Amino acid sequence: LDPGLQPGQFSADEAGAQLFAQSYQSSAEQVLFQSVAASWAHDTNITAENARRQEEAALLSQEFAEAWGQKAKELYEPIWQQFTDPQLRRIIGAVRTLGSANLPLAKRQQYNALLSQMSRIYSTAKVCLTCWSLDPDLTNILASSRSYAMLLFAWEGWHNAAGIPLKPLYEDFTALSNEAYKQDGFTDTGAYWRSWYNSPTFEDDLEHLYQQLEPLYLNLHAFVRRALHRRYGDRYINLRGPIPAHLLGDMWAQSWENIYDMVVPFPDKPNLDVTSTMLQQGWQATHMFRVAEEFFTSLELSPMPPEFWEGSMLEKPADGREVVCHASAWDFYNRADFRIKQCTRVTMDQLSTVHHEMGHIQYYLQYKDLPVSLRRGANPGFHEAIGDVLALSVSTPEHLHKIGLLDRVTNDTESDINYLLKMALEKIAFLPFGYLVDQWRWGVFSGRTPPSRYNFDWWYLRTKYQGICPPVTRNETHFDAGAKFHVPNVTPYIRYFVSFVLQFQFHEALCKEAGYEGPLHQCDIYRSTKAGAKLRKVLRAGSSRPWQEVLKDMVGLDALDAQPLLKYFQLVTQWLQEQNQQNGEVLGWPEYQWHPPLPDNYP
């Protein structure tokens, strides 16, 4: 470790720890910057040489974290917890957690290389026979093909191509990750991930939320299953069984927006999916990002700085070059550089993804002046909810009218149901998936799910929560979890479930602050400077305060609460129940063993 980056001497008391944290912050920004910069260079240009550089940078980060971590322990182990300064305890608590820097050097290299190889396999995997990429080719097929055989070819092809080679690497990664975090005092990596919520009853609290939400999902599922049955027939759709996992518009069946045209209750009302209008009008990536920015500035939040426009990658590069297409928002930790990397396509769901990613950036802009350790959301679910809350206003027919994407205006019960059903396809359908992913991973980290049961336990959870089944046979050579970006990229997932509840709590509070006084689902906070000020206080706080207190100031309650979500969806919840009863549906999938046959000439 370069001399200028190494820790000096500090007295063993709160006054020294303040000087320590300031010296740390000088050197940390340089170290974070080089790490993020090397990751950027790799992820926008996947080559062997860029992976090598990234590995070296990660290694430097570890040397940094070890030196400053072990000094923090040496001086403040017995006493950091009793510091008067809450911000300082949070800083010292972060610096003392070494993570992968607890591993000896040879295992650090192995860990760094596994992350790099797993990333590569996911982002370069192809389906052949002339080769399709995930983004855009398979994405587009899952979205818009209504051919059972074509969808199956894409689904199976992707799961096989990405999952199978990841399996041996993921096993080695899990063992190293656990060994690392066990030296920080955690029973397993999952226990560390959960510690971010700073709640002793986190798992129970989440289970209690899911219990309230489950009926909404069961009714949506049943209604959609019926529509699919009318399309695909009795051979491929079982009205008492799980839905084949490739038919819901998305590779992971995680949001069902893309099958909106098959399930729309009242097709004579305005067409609420404005993708065809965006194409018809010649929208490009750059317009999408400008439109999102202007929402932010309408609230008197910050514009994207020059550095964002100059540095970002907003389209898939046309020179063939390999990139990580999965959308992400980047803080370089120098208070100047912030970027989005997205292989943007011109669709309505991409418009929401653009807002999601710009949400992250906005967080980074508002807390950039905090100590590095505090540059994060109050919890990870907060960071995930910011852009989604704005996108709730954007997708309102009223708002779409104002930005020229929906010519016809209507305010009637049928139009309301169409809108709420579309939003349910996006939000309610996702809930089981958001909850299940880390239940899977927590099991793997704890050792409840050994390699020999990775796929069996994955599909157990997929069926249990989503009520889907694999459309071809799977065995433990398959590693279907590995075909979802966040697993090889080691990104936690429970944040999204938290986000999907929290965003409706935020929505409710911001609407009320805006002075709006109609139905919650018709609220648009566009141009509300007051809503903007309330959101700004959250973003500026970073992780400097407990998330429960931040939530209380914002929404008036110190806990996650499903009631705002329930209220938002109330009309369609009631409608869907009524539709399902009158059609005599079975709620759930009691033929839990059922799988569809292979199509006649498959492949």
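Residue indices: 1-based, along the sequence shown.
- Count the deposited residues lacking coordinates between residue 106 and residue 107 and you get none at all.
- Remark: stretch with higher mean C-alpha B factor among 382-390 and 517-525 is 517-525.
- Look at the C-alpha B-factors of 574-582 and of 560-568. On average they run higher in 574-582.
- The residue among 132, 223, 485, 465 whose C-alpha atom has the highest B-factor in the PDB entry is 132.
- The maximum CA B-factor among the listed residues 82, 395, 449, 211, taken from the PDB record, is found at 82.
- Per-chain ranking of the deposited C-alpha B factor places residue 181 in the middle third.
- In the deposited entry, the Cα temperature factor of residue 426 places it in the lowest third of its chain's modelled residues.
- Remark: residue 236 belongs to the highest third of its chain, ranked by C-alpha B-factor as recorded.
- Residue 284 sits in the highest third of its chain by CA B factor, as recorded in the PDB entry.
- Ranked by Cα temperature factor within the chain, residue 188 sits in the lowest third according to the deposited record.
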